[PDB]
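Novice: This is the structure I want to talk about, given as C-alpha cells.
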Amino acid sequence: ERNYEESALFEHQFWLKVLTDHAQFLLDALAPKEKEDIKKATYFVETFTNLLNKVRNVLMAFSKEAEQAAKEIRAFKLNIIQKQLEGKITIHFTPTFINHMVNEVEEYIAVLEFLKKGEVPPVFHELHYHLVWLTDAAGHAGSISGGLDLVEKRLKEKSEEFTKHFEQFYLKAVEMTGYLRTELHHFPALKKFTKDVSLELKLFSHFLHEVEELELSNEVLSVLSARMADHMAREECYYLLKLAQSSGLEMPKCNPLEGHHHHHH
Amino acid sequence: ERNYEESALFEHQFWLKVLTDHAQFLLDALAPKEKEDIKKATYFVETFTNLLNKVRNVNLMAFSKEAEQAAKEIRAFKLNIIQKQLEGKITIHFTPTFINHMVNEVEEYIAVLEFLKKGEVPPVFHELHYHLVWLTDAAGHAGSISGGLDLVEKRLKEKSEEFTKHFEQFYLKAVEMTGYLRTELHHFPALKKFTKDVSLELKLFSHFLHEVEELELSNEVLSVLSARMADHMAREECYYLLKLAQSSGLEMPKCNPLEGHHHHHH
Amino acid sequence: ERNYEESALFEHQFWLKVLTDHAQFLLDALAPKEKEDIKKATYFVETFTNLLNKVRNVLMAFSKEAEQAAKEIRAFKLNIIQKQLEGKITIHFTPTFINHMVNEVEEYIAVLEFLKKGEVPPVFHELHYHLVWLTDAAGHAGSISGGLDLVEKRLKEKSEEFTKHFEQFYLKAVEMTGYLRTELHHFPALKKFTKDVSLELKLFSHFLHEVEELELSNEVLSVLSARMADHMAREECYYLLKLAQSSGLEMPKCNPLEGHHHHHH
Amino acid sequence: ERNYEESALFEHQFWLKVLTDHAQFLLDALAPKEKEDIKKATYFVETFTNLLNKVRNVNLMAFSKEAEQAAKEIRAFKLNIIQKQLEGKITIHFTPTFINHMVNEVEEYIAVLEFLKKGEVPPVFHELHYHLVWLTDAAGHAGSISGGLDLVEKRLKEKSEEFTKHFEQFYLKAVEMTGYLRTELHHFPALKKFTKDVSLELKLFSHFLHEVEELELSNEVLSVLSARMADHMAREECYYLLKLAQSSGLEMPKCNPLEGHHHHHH
Amino acid sequence: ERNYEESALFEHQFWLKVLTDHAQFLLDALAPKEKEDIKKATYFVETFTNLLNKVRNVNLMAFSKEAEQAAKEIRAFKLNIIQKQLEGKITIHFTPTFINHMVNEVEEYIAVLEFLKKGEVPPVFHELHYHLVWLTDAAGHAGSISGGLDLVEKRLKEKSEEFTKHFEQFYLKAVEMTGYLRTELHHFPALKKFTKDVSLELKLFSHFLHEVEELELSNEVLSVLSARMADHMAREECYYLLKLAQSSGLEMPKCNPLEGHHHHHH
Amino acid sequence: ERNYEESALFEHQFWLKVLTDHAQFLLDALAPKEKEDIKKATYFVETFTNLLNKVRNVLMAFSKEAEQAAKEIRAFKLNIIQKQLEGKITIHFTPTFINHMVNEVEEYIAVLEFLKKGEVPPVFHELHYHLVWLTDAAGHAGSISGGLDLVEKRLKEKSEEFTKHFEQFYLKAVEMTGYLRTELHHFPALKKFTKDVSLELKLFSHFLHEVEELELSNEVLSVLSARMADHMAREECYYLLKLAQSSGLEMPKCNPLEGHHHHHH
Ligand SMILES: [Fe+3]
Ligand SMILES: [Fe+3]
Ligand SMILES: [Fe+3]
Ligand SMILES: [Fe+3]
Ligand SMILES: [Fe+3]
Ligand SMILES: [Fe+3]
Ligand SMILES: [Fe+3]
Ligand SMILES: [Fe+3]
Ligand SMILES: [Fe+3]
Ligand SMILES: [Fe+3]
Ligand SMILES: [Fe+3]
Ligand SMILES: [Fe+3]
C-alpha cells in the first residue's frame, strides 16, 4: 500500500540522481570548445546535486522547485538536439540517446504533476511503461555496443543481441497498445509479454553489472564508464519495479536509488 | 491545388475499395463454423461494394455520412474479432496484429471523413504522421507474405523477411524523429532524407508485390496468399507513397492507389 | 516382443486420431464458400471419429474398413492439392503441409497392408522413418513459424531453428540411404545420426508442449491451436518410438495416442 | 529430333570423360599407403581414358556393353571405398557423400546404357527426375569448393556456401513437388517456374565455376582444388542444364558438356 | 620516376595534414575536465597546422628534422593517452584501438622521415608492408563509423559493419601470405590477385566515405561523426591505394591523398 | 620453479611428437604421384620417431641433432608451400595449414636456441603465445570445418564458431601488442583477455576430444582422423600451459605430451 511520503522520497531520489547523471554525462560529452553548453551542463550538475542533497520528508513545495529544474534541463537537452539536427554542436552523444534523456525527464515531470499536488503518483497501465522504457533499454544496449573498442567483439555481439530483443519487444508493445481499442485492457498475452520482458531485463541487469565491473577494473576497452553502467542498471531496475507493480508480478531485488559500488558508505 | 470534388472522390474510392477487400479477406479467413461472423463479413462485403460503386459527384457530403456509419461498424467488427482472438473465442486465419492494422486503416478513413462530411478538403498531414501509420502496415504486409508462402518458397521468404526488417527499422527511426519534433523544428534534413529512403524502399516493395501478384495469377507460387491480396497491398503502398510525395515535397509516384493493372473488367 | 492385438489397437488408435485431426484441420481451413469440400471434410471428421470409437480387440475386418476410409481421405487431400496447383480452391493450408498429410495417410496404409492380413506390422529400417518423418517435423516447425503473429519474434526464431535442424537432418538421411548401396545396412554413423535426431525430437516435443500451453492460456498470438500442437507432439512421439525400436534405443516417455490436456478423463 | 548415332556418341563421351575424371580424382585423393586401391584407380584411369577415345560410330551397341561392364566395376569400387570409410578402413581425401554422388552419377550412365545396348535412343526423363539427381550433386559441388578453399579465402567461401544453400533449398522443393505428382498432374505452373529458377541458378553457378577454374589455372586462389575439378563440375552442370531445357521446354544452354574451354589440346 | 622534391613535398603535406587532423580529433574528443591534455592537443593542432603550411621546396632536409621532432612528440602524447585509458585515468571519446591506429600512422611518417632527413627518396615498400599497416586501419575506420552512427541508422551501420568484416578478413589473409614469404618467393600470383581485390574494396569504401561525408555536410545522417573525419579517412585510403598501385604494379588511383573535394577554401 | 632437465625432456617430447605428426600428415596428404616428396615425408617420419625414442636425461648435444632435423623439415614445408604457390604439387593440405606447421617448427627452434646452450627456455610474454597460437587454433577449427562431410552441418557450425572466435581473439592480440609501445607491459585488459582466451581453449579442447571419439568410433563422416584431433588437443594444451605460466593463471589439467587414447600402455 503506497503512501505520499515514501513514494515522494523514492521518486525524488531516483529521478534527481538520474538527472544529475544526465547533466554529468552531457558535460563530459561536449567538446572543450562548447563553452556555453559546458557552463549550462555544469549548472545542471550543481543544481540536481543540490536538490538531491536537500530532499527530505518535509515536500510539496520541494516538488515545485524540482519541477522547474526538470523543465529547464529538458529545454537544454532539446536545444542540444536542435543544434545536432542543424550541424551546430560537437557532442559525443547521438541525437537519439539525448532523445531518450528527454523521454526520461518527461516521466519525472509526469510524476511531479501528482507530487506537487500532494497526491501519490499512480502506477500506470503496464503498457505505458513498456512504451517508454523498451526503446530506452534498446538505446542502452546500443550505446554499449557503440562505446566498445573495435576489438571487443564478444561483448558487442552480446549487447547487439539485447538491442534487438528490446526493439522486438517495443514493436510487440506498440501492437498490443492497439489491441486496447477492444476495451479489453488486460488479457493473457499482455501479462505473458510483461513477464517475458521482465526476464530479459533481469538478464540485461546482470550484463550491465558485469560491464560495470569490467569498467571498474579497466578490464574492458571502451569509452563507457562504470557510472554509466550503474545509471543504466538503476533505470532498468525502476522499470522492473513499475512492471511488477503494474502487472502483479514478484518485486525485483535491486535498488533503483543506488548501485552496489557507486556510493561512499 | 487539391479541390473538394476530386479529393473526396479519390479518398472514397481508395478507402471503400480497401474496406471491401478487408471484409472479403475476413470472410474468407473465418472457419466455416463461425456462422455469425461469416454473416457479418458478408454483410460487410455487400455494404462496401455497394458504397464503392455508389460514390459520385452527386450529394458527396451526405454520402460521407453513410460511408462514415459503415466504417465505424466494420471497425467495431474488427475490434470484436480481435477481442475474441485474445480470449480464444474464434477461429480465423488472420493473426491479431494483421487485423489490428486493418483497424489502423479504417481509422485513417474515419479521420479523412471528418473533413469530407464538413465539405472540406482533408489536409495533407506532416509526413511523420504517414510514417507512423504506414510503416508498421508495410512490415505487416511483408510479414504476412512471408508467413503465407509454402515451406519450400525459401527464396521468396528470404526476400519478404528482408522487407519486413527494413520497414520495422524505418519505423524505429520514425518513432525517434517524432520525438525530435519536441524541439519545435518540424522539418530538418535528416527527416527529408528519411522520407526519400522510405520512398525508395516502397518502390522496391511495390515491384516485389507486383511480382507476387503475377506469380499468384499464374499459379507459379505455392502459398495461401491470393493475387487480390498482393494487389491490395500494392494499392496501399501507392497511397502511402502518394501522401509522402505531397507532404514531403517529392516527385509524385507512378502508380494508381485505386485500381491495379489486373483486377478490373475493362 | 510385439503382438498382433496390441500392435493393431495401438496403430488404429494412433492413426485414426491423426486422420480425425486432419479432417478437422482441413474443415476449419476451408473458406466458407468451399461448400463441396466442407461437406467432404465434415464427412471425414464423422467417419474417422466413428471408426476410432469402434476400435476393439475383436480387427482384421475392421482394418479393411479403416483402409477404405484412409484411401478416401488420401484422394480428398490430393484433390485439394490438385486444385491448389490450378488456383481452384481457397484453403488456409499450403500445398506442402497437405502433401505431408498425404505422406502420413500413406504410412497408415502401409501398416494396414499387414494388419488386414492379421500380421504384426514390422518395425522398418530406421532410415525409412527418417525419410518420412524428418520433412514432416520440418513442416511442423515451419507451420508454427508461419502461424505466429508478426510480433512473436522470439517464438518464430525458435521454430525457424527447428525447421532448419530437421531439414539438415533430412539431407543427411538422404545421403545415408545412398550409403546403403554398399550393402552395409547398419554402421556407426547411422546409429549416431538416429540418436542425434532423437535428442532434437525430444527438444522439439518440449517446444510443442510449451506452445500448446501458450495456446490453451491465450498467451501466444497466432492462428495455431492447442489441438494442432497436441497433434504435432503425438506424431513426434510415434516417430521417436519407431526410432527407439528400429535402432535399439531407450523408449521415449510420451504417449502417441493422447496428450496431457486434450482428453475428457 | 534425337537420333541414335548422335545421342549414343554424346552420352558416351560425356559419361566416359566424367568417369575418367572420377577415377583420376580418387587416384589422387588416396593416401600413398593405400597401394591396392591406388592400383585399382589407376586401372580405372587407364580403362575410361581408353573407352573415352575408343567410342565412335562403329559397333556402338557392342561398345555399350563394354562401357557398361566398366561402369559397374567402377561403381563397385566406389561403393567399396564408401564401405571402408564407414568402417574406418581407408585413408582417402574425399568425404563419403562426395563419393556417394559419384555413385549417383555412374548409375545415371548405367540407366542410359540400358537403352544404348538395345540400340535405342534413351528418352528424356520428366524434369523432376533430373532435379532429384542433380540438385544434391550441385550442392555437393559447391560444398566441396567451400571445403577445399584455404582458411583465408573467405569471400570465395561465402559465395560457394550461398550456392550450396540454394541448391539444398531447391532440392527440398523438388522433393515436395515430386509428391504433388501423386495428384496425377505431372506438369503444372509451379513446376515449370521451379525449373526456370533452377536453370538461372545453374547459369550463375557455371560462371562461378568458370571463375574458379581460371583462378586455379593462374594459381591466384589458395586451395586444394584443381582447375580440372572445376571444369568437371561445369561440364556436369551443363549436362543438367541441357536435360532440363529438353525435358521442361526451355532454351538450350550455351555450354558444352563434353569439353571445357581450357582442358583440350587443339 | 620519383624525385626528391616532389616525393618530399607530397609526403609532408599528406602526413602533416593527417597529424593536424589527429590532434584536432583528440582535442574535440577530450572531456572538458581534461585541461592538461586539452592544452597539449591544442598545441598539437597549432604545431602541425603551422608545419603543414610551412613546408615548401626551400630547406626541405632541415624541414624534415623539425617535422620529425613534432611527430615524435605527438606519438608520445598518443601513447600517453592510451596508457591512461588502460589505467582508467582519462576521459576521452576515442577507444584505445583507434588511438593505437593513430600511432601506427605517425610511425609510418617517421619511417618516411628517416629517408627525407637524409635527402633521399623514400622507397616504395613491398605491397604486403602496406597491407599489414592499412588493412587494420581501414577496418578501424569502418568500425568507427559503425560505432559513431545513431541507434536508428541501421542501414548505414549494416554497410559499415560489412566493410569492417572484409577489411579484417583481408588482414588475416595478408598475415598468412606474409608467412608464405618465408619461402623466399616474394611475388606470386595469389599475392597480386589479393592486392587487386583489396584495391577494389578500397574503391568501394572510398565511395561510401564520400557518401558519408556528404550526409554529414547536409546534416542528413544522425551521428557523432563529422564530415572532416570522413574526408580524413578517404584521404588515407587514397594514400594506401596509391602505394599499392606503385608497389604492386596497378593503375594509379583517381583520388587526391592531400585534399578532399569539400574541405578547402579556393 | 622450472629446471633444465625437466623443461628439456618436456619440450623435446612435446615437439618431436608434433613434428612426427606433421611428417605423417604430410605423407598421407601427398598424392601417390608425388614420389619425391613422399620419400622426403617418410624420411621425416623415421627421423622424428627415432629422435623421440632416443630422448633421455643425458641433452645439450641431443638438442643440436634435434635442431638440424627441425630446420630440415622446416625447409621441406616451405618447399611444399612454394610449389603450392606455383601450381607444382598435389597435396591435400592448404598453404595456410602448412604455413601454420612452419610457425610451429619455428617455435621449437626458438626453444632449441636455449636448450642447446643448456639454458632453461624462458616463459615469453603472454602476447607472444597469443600471436602464435591464436591463428593456429583458428586454422585448427577451420580444418575441422573443411574436413567434415557436407552433411555434418551441426558439427560444421560448431567449428565455424570456434574459427571465428579465435580469429577475433587474434585481432585483439594484434592491437594489444600495439598498446605495449606505451611501455606498460601488463595491464588489466590484457590479463582478462588471456583469461577469456583460456576459457575458449578449454571449450575447444572439449570439442576436439568429442571429435576424436567420433572419429575413433566412425560416428562422424569426414576426412579427418582421430590422430589429427589428438594432435590439435595436445597443441591447445601446450598453449594453455604457456598462458597459465606466462600470465599467472591456474595450470590446465591436460597433457601436451600424450592424449587419453593414442598410446600403447
Ligand atoms: Fe538515463
Ligand atoms: Fe536511459
Ligand atoms: Fe489493408
Ligand atoms: Fe494494409
Ligand atoms: Fe498430421
Ligand atoms: Fe505431421
Ligand atoms: Fe562427377
Ligand atoms: Fe558431380
Ligand atoms: Fe588517421
Ligand atoms: Fe586512419
Ligand atoms: Fe601441429
Ligand atoms: Fe597446429
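Ligands are numbered from 1 in the order shown, residues from 1 within each chain, and chains are lettered A, B, ... in the order they appear in the C-alpha cells.
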Find the residues near residue E:241: any atom within 8 Å, counting only C-alpha atoms, skip ones fewer than 2 places away on the same chain, and give them as a VMD selection string.

Specialist: chain E and resid 199 202 237 to 239 243 to 245 252 to 253

Novice: Can you write out the residues you just picked, keeping N, CA, C and O atoms, as a PDB file, in the first residue's frame?

Specialist:
```pdb
ATOM      1  N   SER E 199      42.289  -3.549 -53.576  1.00  0.00           N
ATOM      2  CA  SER E 199      42.152  -2.240 -54.250  1.00  0.00           C
ATOM      3  C   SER E 199      40.695  -1.939 -54.648  1.00  0.00           C
ATOM      4  O   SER E 199      40.230  -0.821 -54.548  1.00  0.00           O
ATOM      5  N   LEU E 202      38.784  -1.001 -51.498  1.00  0.00           N
ATOM      6  CA  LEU E 202      39.125   0.350 -51.063  1.00  0.00           C
ATOM      7  C   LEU E 202      38.403   1.384 -51.913  1.00  0.00           C
ATOM      8  O   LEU E 202      38.015   2.434 -51.383  1.00  0.00           O
ATOM      9  N   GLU E 237      42.745   6.311 -47.316  1.00  0.00           N
ATOM     10  CA  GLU E 237      42.513   5.152 -48.181  1.00  0.00           C
ATOM     11  C   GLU E 237      43.125   5.408 -49.549  1.00  0.00           C
ATOM     12  O   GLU E 237      43.618   4.471 -50.194  1.00  0.00           O
ATOM     13  N   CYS E 238      43.070   6.668 -49.999  1.00  0.00           N
ATOM     14  CA  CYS E 238      43.684   7.070 -51.249  1.00  0.00           C
ATOM     15  C   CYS E 238      45.196   6.811 -51.196  1.00  0.00           C
ATOM     16  O   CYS E 238      45.776   6.264 -52.123  1.00  0.00           O
ATOM     17  N   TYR E 239      45.827   7.205 -50.104  1.00  0.00           N
ATOM     18  CA  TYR E 239      47.284   7.047 -49.941  1.00  0.00           C
ATOM     19  C   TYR E 239      47.659   5.579 -49.993  1.00  0.00           C
ATOM     20  O   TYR E 239      48.604   5.194 -50.639  1.00  0.00           O
ATOM     21  N   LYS E 243      49.900   3.693 -52.779  1.00  0.00           N
ATOM     22  CA  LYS E 243      51.092   2.876 -52.514  1.00  0.00           C
ATOM     23  C   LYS E 243      50.957   1.455 -53.024  1.00  0.00           C
ATOM     24  O   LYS E 243      51.945   0.845 -53.433  1.00  0.00           O
ATOM     25  N   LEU E 244      49.743   0.906 -52.990  1.00  0.00           N
ATOM     26  CA  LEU E 244      49.518  -0.413 -53.551  1.00  0.00           C
ATOM     27  C   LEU E 244      49.684  -0.399 -55.072  1.00  0.00           C
ATOM     28  O   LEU E 244      50.159  -1.369 -55.622  1.00  0.00           O
ATOM     29  N   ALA E 245      49.212   0.660 -55.751  1.00  0.00           N
ATOM     30  CA  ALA E 245      49.303   0.746 -57.202  1.00  0.00           C
ATOM     31  C   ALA E 245      50.797   0.782 -57.593  1.00  0.00           C
ATOM     32  O   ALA E 245      51.251   0.040 -58.493  1.00  0.00           O
ATOM     33  N   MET E 252      47.254   3.669 -61.373  1.00  0.00           N
ATOM     34  CA  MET E 252      47.162   4.696 -60.325  1.00  0.00           C
ATOM     35  C   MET E 252      45.734   5.067 -59.978  1.00  0.00           C
ATOM     36  O   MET E 252      44.883   5.127 -60.860  1.00  0.00           O
ATOM     37  N   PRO E 253      45.468   5.363 -58.683  1.00  0.00           N
ATOM     38  CA  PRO E 253      44.087   5.741 -58.355  1.00  0.00           C
ATOM     39  C   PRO E 253      43.702   7.188 -58.782  1.00  0.00           C
ATOM     40  O   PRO E 253      44.542   8.080 -58.860  1.00  0.00           O
TER      41      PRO E 253
END
```

Novice: Per residue of chain F within 12 Å of chain C, record the nearest atom pair and its distance in Å to one decimal, counting only C-alpha atoms, with rows in chain order and ascending residue number, as a Markdown table.

Specialist:
```
| residue | atom | partner | partner_atom | distance |
| --- | --- | --- | --- | --- |
| F:149 | CA | C:172 | CA | 9.6 |
| F:150 | CA | C:172 | CA | 8.6 |
| F:151 | CA | C:172 | CA | 5.1 |
| F:152 | CA | C:172 | CA | 7.6 |
| F:153 | CA | C:168 | CA | 6.9 |
| F:154 | CA | C:165 | CA | 8.2 |
| F:155 | CA | C:196 | CA | 11.5 |
| F:156 | CA | C:168 | CA | 11.8 |
| F:157 | CA | C:165 | CA | 11.5 |
| F:213 | CA | C:192 | CA | 11.9 |
| F:214 | CA | C:189 | CA | 8.8 |
| F:215 | CA | C:189 | CA | 9.8 |
| F:216 | CA | C:188 | CA | 10.4 |
| F:217 | CA | C:188 | CA | 6.9 |
| F:218 | CA | C:188 | CA | 5.9 |
| F:219 | CA | C:189 | CA | 3.9 |
| F:220 | CA | C:189 | CA | 5.8 |
| F:221 | CA | C:189 | CA | 7.0 |
| F:222 | CA | C:189 | CA | 10.6 |
```

Novice: Tell me, as number ranges by chain, which residues lie within 7 Å of stretch 86-90 of chain C, counting only C-alpha atoms; anything in the same chain fewer than 2 positions away does not count.

Specialist: B: 219; C: 30-31, 82-84, 92

Novice: Hey, can you spit out that residue selection with N, CA, C and O atoms as a PDB file, in the first residue's frame?

Specialist:
```pdb
ATOM      1  N   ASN B 219      -0.414 -19.131 -60.895  1.00  0.00           N
ATOM      2  CA  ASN B 219      -0.232 -20.324 -60.028  1.00  0.00           C
ATOM      3  C   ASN B 219       1.237 -20.798 -59.910  1.00  0.00           C
ATOM      4  O   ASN B 219       1.515 -21.961 -59.579  1.00  0.00           O
TER       5      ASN B 219
ATOM      6  N   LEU C  30     -10.809 -24.410 -44.734  1.00  0.00           N
ATOM      7  CA  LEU C  30     -11.501 -24.132 -45.979  1.00  0.00           C
ATOM      8  C   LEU C  30     -12.260 -22.835 -45.820  1.00  0.00           C
ATOM      9  O   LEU C  30     -12.815 -22.576 -44.763  1.00  0.00           O
ATOM     10  N   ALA C  31     -12.271 -22.011 -46.860  1.00  0.00           N
ATOM     11  CA  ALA C  31     -13.022 -20.761 -46.843  1.00  0.00           C
ATOM     12  C   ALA C  31     -14.499 -21.149 -46.851  1.00  0.00           C
ATOM     13  O   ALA C  31     -14.881 -22.144 -47.485  1.00  0.00           O
ATOM     14  N   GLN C  82      -4.381 -30.739 -55.952  1.00  0.00           N
ATOM     15  CA  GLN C  82      -4.550 -30.543 -57.363  1.00  0.00           C
ATOM     16  C   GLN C  82      -5.195 -29.187 -57.650  1.00  0.00           C
ATOM     17  O   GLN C  82      -4.697 -28.428 -58.455  1.00  0.00           O
ATOM     18  N   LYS C  83      -6.298 -28.893 -56.989  1.00  0.00           N
ATOM     19  CA  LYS C  83      -6.898 -27.545 -57.071  1.00  0.00           C
ATOM     20  C   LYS C  83      -6.012 -26.390 -56.595  1.00  0.00           C
ATOM     21  O   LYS C  83      -6.079 -25.280 -57.166  1.00  0.00           O
ATOM     22  N   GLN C  84      -5.174 -26.622 -55.570  1.00  0.00           N
ATOM     23  CA  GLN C  84      -4.206 -25.573 -55.194  1.00  0.00           C
ATOM     24  C   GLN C  84      -3.285 -25.277 -56.377  1.00  0.00           C
ATOM     25  O   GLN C  84      -3.017 -24.132 -56.703  1.00  0.00           O
ATOM     26  N   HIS C  92      -6.655 -22.505 -46.131  1.00  0.00           N
ATOM     27  CA  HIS C  92      -5.547 -21.854 -45.443  1.00  0.00           C
ATOM     28  C   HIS C  92      -4.399 -22.783 -45.039  1.00  0.00           C
ATOM     29  O   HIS C  92      -3.719 -22.520 -44.061  1.00  0.00           O
TER      30      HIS C  92
END
```

Novice: Near stretch 246-257 of chain F, counting only C-alpha atoms, which residues have an atom at most 8 Å away, once you skip same-chain residues fewer than 5 positions from it, shown as a VMD selection string?

Specialist: chain F and resid 10 13 to 14 17 123 to 126 191 194 to 195 233 to 238 240 to 241

Novice: Near residue D:138, within 10 Å and counting only C-alpha atoms, which residues show up once chain neighbours fewer than 5 positions away are dropped, as an mmCIF file with N, CA, C and O atoms, in the first residue's frame?

Specialist:
```cif
data_model
loop_
_atom_site.group_PDB
_atom_site.id
_atom_site.type_symbol
_atom_site.label_atom_id
_atom_site.label_comp_id
_atom_site.auth_asym_id
_atom_site.auth_seq_id
_atom_site.Cartn_x
_atom_site.Cartn_y
_atom_site.Cartn_z
ATOM 1 N N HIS D 101 27.857 -39.246 -54.355
ATOM 2 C CA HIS D 101 27.434 -38.517 -55.556
ATOM 3 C C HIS D 101 28.065 -39.122 -56.831
ATOM 4 O O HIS D 101 27.387 -39.274 -57.844
ATOM 5 N N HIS D 131 16.187 -33.124 -61.516
ATOM 6 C CA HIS D 131 16.301 -32.378 -60.275
ATOM 7 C C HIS D 131 16.692 -33.240 -59.076
ATOM 8 O O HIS D 131 17.505 -32.843 -58.228
ATOM 9 N N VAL D 133 18.238 -35.832 -59.020
ATOM 10 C CA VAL D 133 19.611 -36.334 -59.203
ATOM 11 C C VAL D 133 20.669 -35.232 -59.085
ATOM 12 O O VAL D 133 21.721 -35.380 -58.393
ATOM 13 N N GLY D 143 29.687 -27.243 -52.023
ATOM 14 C CA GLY D 143 30.216 -27.559 -50.658
ATOM 15 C C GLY D 143 31.652 -28.089 -50.729
ATOM 16 O O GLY D 143 32.513 -27.839 -49.819
ATOM 17 N N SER D 144 31.965 -28.798 -51.818
ATOM 18 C CA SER D 144 33.350 -29.276 -51.957
ATOM 19 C C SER D 144 34.359 -28.151 -52.280
ATOM 20 O O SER D 144 35.479 -28.138 -51.779
ATOM 21 N N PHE D 163 25.666 -20.722 -52.842
ATOM 22 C CA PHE D 163 25.279 -21.758 -53.822
ATOM 23 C C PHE D 163 24.872 -23.080 -53.162
ATOM 24 O O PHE D 163 23.867 -23.666 -53.561
ATOM 25 N N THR D 164 25.649 -23.557 -52.167
ATOM 26 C CA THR D 164 25.299 -24.820 -51.511
ATOM 27 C C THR D 164 23.894 -24.744 -50.923
ATOM 28 O O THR D 164 23.088 -25.631 -51.095
ATOM 29 N N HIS D 166 21.361 -22.602 -51.702
ATOM 30 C CA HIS D 166 20.309 -22.517 -52.696
ATOM 31 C C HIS D 166 20.052 -23.880 -53.306
ATOM 32 O O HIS D 166 18.895 -24.255 -53.535
ATOM 33 N N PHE D 167 21.110 -24.642 -53.591
ATOM 34 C CA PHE D 167 20.860 -25.915 -54.241
ATOM 35 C C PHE D 167 20.160 -26.902 -53.303
ATOM 36 O O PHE D 167 19.287 -27.689 -53.748
ATOM 37 N N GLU D 168 20.543 -26.875 -52.010
ATOM 38 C CA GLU D 168 19.868 -27.718 -50.988
ATOM 39 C C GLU D 168 18.381 -27.314 -50.852
ATOM 40 O O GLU D 168 17.502 -28.173 -50.756
ATOM 41 N N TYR D 171 16.530 -28.495 -53.749
ATOM 42 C CA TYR D 171 16.269 -29.915 -53.543
ATOM 43 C C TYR D 171 15.048 -30.206 -52.668
ATOM 44 O O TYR D 171 14.292 -31.099 -52.974
ATOM 45 N N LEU D 202 21.866 -22.373 -62.022
ATOM 46 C CA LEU D 202 22.917 -23.190 -62.619
ATOM 47 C C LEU D 202 23.791 -22.352 -63.538
ATOM 48 O O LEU D 202 25.002 -22.598 -63.607
ATOM 49 N N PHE D 205 25.958 -20.429 -61.315
ATOM 50 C CA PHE D 205 26.949 -21.348 -60.733
ATOM 51 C C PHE D 205 28.045 -21.731 -61.733
ATOM 52 O O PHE D 205 29.224 -21.872 -61.375
ATOM 53 N N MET D 233 33.059 -30.129 -62.857
ATOM 54 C CA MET D 233 31.812 -29.672 -62.208
ATOM 55 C C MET D 233 30.987 -28.831 -63.186
ATOM 56 O O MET D 233 29.778 -28.887 -63.171
ATOM 57 N N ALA D 234 31.656 -28.010 -64.012
ATOM 58 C CA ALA D 234 30.962 -27.160 -65.005
ATOM 59 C C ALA D 234 30.358 -27.961 -66.151
ATOM 60 O O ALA D 234 29.239 -27.651 -66.630
ATOM 61 N N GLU D 236 29.281 -31.097 -65.912
ATOM 62 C CA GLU D 236 28.065 -31.721 -65.331
ATOM 63 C C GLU D 236 26.882 -30.776 -65.149
ATOM 64 O O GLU D 236 25.714 -31.190 -65.300
ATOM 65 N N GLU D 237 27.149 -29.526 -64.770
ATOM 66 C CA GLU D 237 26.042 -28.577 -64.635
ATOM 67 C C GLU D 237 25.451 -28.288 -66.006
ATOM 68 O O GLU D 237 24.234 -28.078 -66.126
ATOM 69 N N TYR D 240 23.144 -31.162 -66.945
ATOM 70 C CA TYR D 240 21.907 -30.973 -66.171
ATOM 71 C C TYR D 240 21.040 -29.867 -66.771
ATOM 72 O O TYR D 240 19.833 -30.017 -66.945
#
```

Novice: I'd like the interatomic distance between atom CA of residue C:19 and atom CA of residue C:53, to a tenth of an Å.

Specialist: 13.2 Å

Novice: As a quick test: using only C-alpha atoms and all ligand atoms, which residues lie no more than 12 Å away from ligand 5? Give them as an MDAnalysis selection string.

Specialist: chainID C and resid 14:26 97:108 132:133 135:137 139:140 143 227:239 256

Novice: Using only C-alpha atoms and all ligand atoms, what are the residues with an atom within 12 Å of ligand 10, set out as a count of residues only?

Specialist: 42
